[PDB]
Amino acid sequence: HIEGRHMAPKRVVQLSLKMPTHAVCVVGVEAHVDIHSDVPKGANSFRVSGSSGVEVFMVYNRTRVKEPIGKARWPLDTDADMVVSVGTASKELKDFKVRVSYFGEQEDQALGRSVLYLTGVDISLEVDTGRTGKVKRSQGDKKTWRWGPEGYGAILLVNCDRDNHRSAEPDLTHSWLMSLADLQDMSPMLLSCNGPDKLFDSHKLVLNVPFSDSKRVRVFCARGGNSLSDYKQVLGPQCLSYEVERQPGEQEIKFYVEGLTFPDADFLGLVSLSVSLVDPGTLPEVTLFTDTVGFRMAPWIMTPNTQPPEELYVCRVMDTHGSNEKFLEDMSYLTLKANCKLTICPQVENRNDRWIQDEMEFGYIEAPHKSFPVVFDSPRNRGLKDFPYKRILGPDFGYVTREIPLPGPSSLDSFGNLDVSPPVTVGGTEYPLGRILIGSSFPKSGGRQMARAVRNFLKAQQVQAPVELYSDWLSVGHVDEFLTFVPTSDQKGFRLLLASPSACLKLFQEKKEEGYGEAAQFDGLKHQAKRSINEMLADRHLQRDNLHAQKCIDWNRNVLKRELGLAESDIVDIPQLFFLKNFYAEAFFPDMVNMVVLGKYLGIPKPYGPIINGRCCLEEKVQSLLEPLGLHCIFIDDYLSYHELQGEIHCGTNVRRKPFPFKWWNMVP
């Protein structure tokens, strides 16, 4: 005795021995007919035959056992029902026939007959279902989505880009079509309406989207034909329904669908669209049939450093009494060996904001095919605020962002704190697109990534599925300081680079073990006080700093090894020394771990360490650690224009990379 339920309408066709009755039916859908409606003259049972292409079944009042009626006389008391099915689309109104004749024993033959005419219709909302090509035909009713190589329901791109140079904003925001090319960013939906036109003049087709999903999708259709001006928006944010304009000869109508919103805390990615069929000659109005399809918003995906470089971004900034042009030339040199485009953001756009790693994260979106990259513009909002929205966003490039309450952003909101791992299979559960890595304060306290918004947005994608690291011990507090990845021919393969104070102290002591002992730091050049190998080691302040730092990096090591399914062969420890200011960790010398990775070419900040027999020993320690993997180590001076400001090469650059060959829809999150 449940209180209340939304329950499906029941259309039951009445019969008359006096007058023939007519009925509408959609192909492949049962038509409930009432044989008990008019029963003649104390008749004992019945016989019903119909034709042609008509099927008649009896269904006991449980959910199961269609039992087809033969030529055999059926008792008039059964568990009550009759169902008729029309196999094709009717060429003319009332061209299917079904006749019922009632019997008795109590003969000769029928004591009366009831006549029922049927009009067959084909109503199917169809989308792209096996992922290829164009829309496909599923009835065959299946689930709206399934996650494997298995097969599922449809995919939809969130449309953000300007294939339009008329407007400053992505086509997402507009209620009318602008470019024709914008249609290439949209998913096809075919509405099959097949039958007599005289039928459609009474019963009407209506196309709906739920209010929940109203603002997440736009649906366009061309009534006119095949010209930019003929496209109207049939469904949108404030339009929940479309009364289909169907001209008599046209039995299949094409629709175009575009996603308004990426998956978020409020949205799990599933959007449902409906084509119903109603009979307006009725109040209450009846809906005779409904077909519902579904879409899945293509998630935002990140590319790890192990991916091949395409375009590197560095901004020309100058001042503190100087210029970074030299660094820019180093970067040109370095980029054009890797064969990748080098984009230099001039000074007038960046307002001397040199960190282009923090402002945005490069990513991509993908459909059966249309695949184009998307920028995630950070809430950071300092000197680069307008760069992604103005400079980047364009015909094939996307824009997405999340704004922030007060008083955000914090430093943890900078996207240098947002990274992602190379593809990794862990404990039987595989992550082909990698795993997102964001820094936070140690669990059980402190400032998080100051956007609960971007966090929500990142875990919502349900793909790479972010793990949280501990960056807060660092003054700037980005994961890119102590962490990175490099590509390798073996094994998985790739290797994770961790900052290792203990390894650095180790190196210095083992070279103190040789004559070698007093070669100093910041040797290469200087206005800044030289210092040694042995009062490193003799000083214990800095080693409190470095043992603490190494401890924190050890914690992050346990987390990373656990979550990414890593073994010590995967990890490589790059020597790095830190120091403490106001309880927070800065870098003692430029941070080598923070570096730009382009293929086997690694742009690295140049530490100035002990000079022993012609070389910086730290540099060559690194070379000995890396080069055997095939990685050529290039050392670039970032010192005055970057390190002085507590940032390094990777942090002063931003790299867009080639999307994964693997297709996100083929994994199982």
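In case it trips you up, residue 1 is the first one in the sequence shown, and so on.
- Stretch comparison (138-146 versus 558-566) by mean CA B-factor in the PDB entry places 138-146 on top.
- Here the stretch with the larger average CA B-factor, out of 516-524 and 290-298, is 516-524.
- For the set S441, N339, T306, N594, the PDB entry assigns the largest Cα B-factor to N339.
- Between the residues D480, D264, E245, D161, the entry's highest C-alpha temperature factor is the one at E245.
- Per-chain ranking of the deposited C-alpha B factor places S323 in the highest third.
- When the modelled residues of the chain are ordered by their C-alpha B factor, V56 lands in the lowest third.
- Remark: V29 belongs to the lowest third of its chain, ranked by C-alpha B-factor as recorded.
- The entry lists a Cα temperature factor for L17 that places it in the highest third of the chain's modelled residues.
- When all modelled residues of the chain are sorted by CA temperature factor, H165 is found within the highest third.
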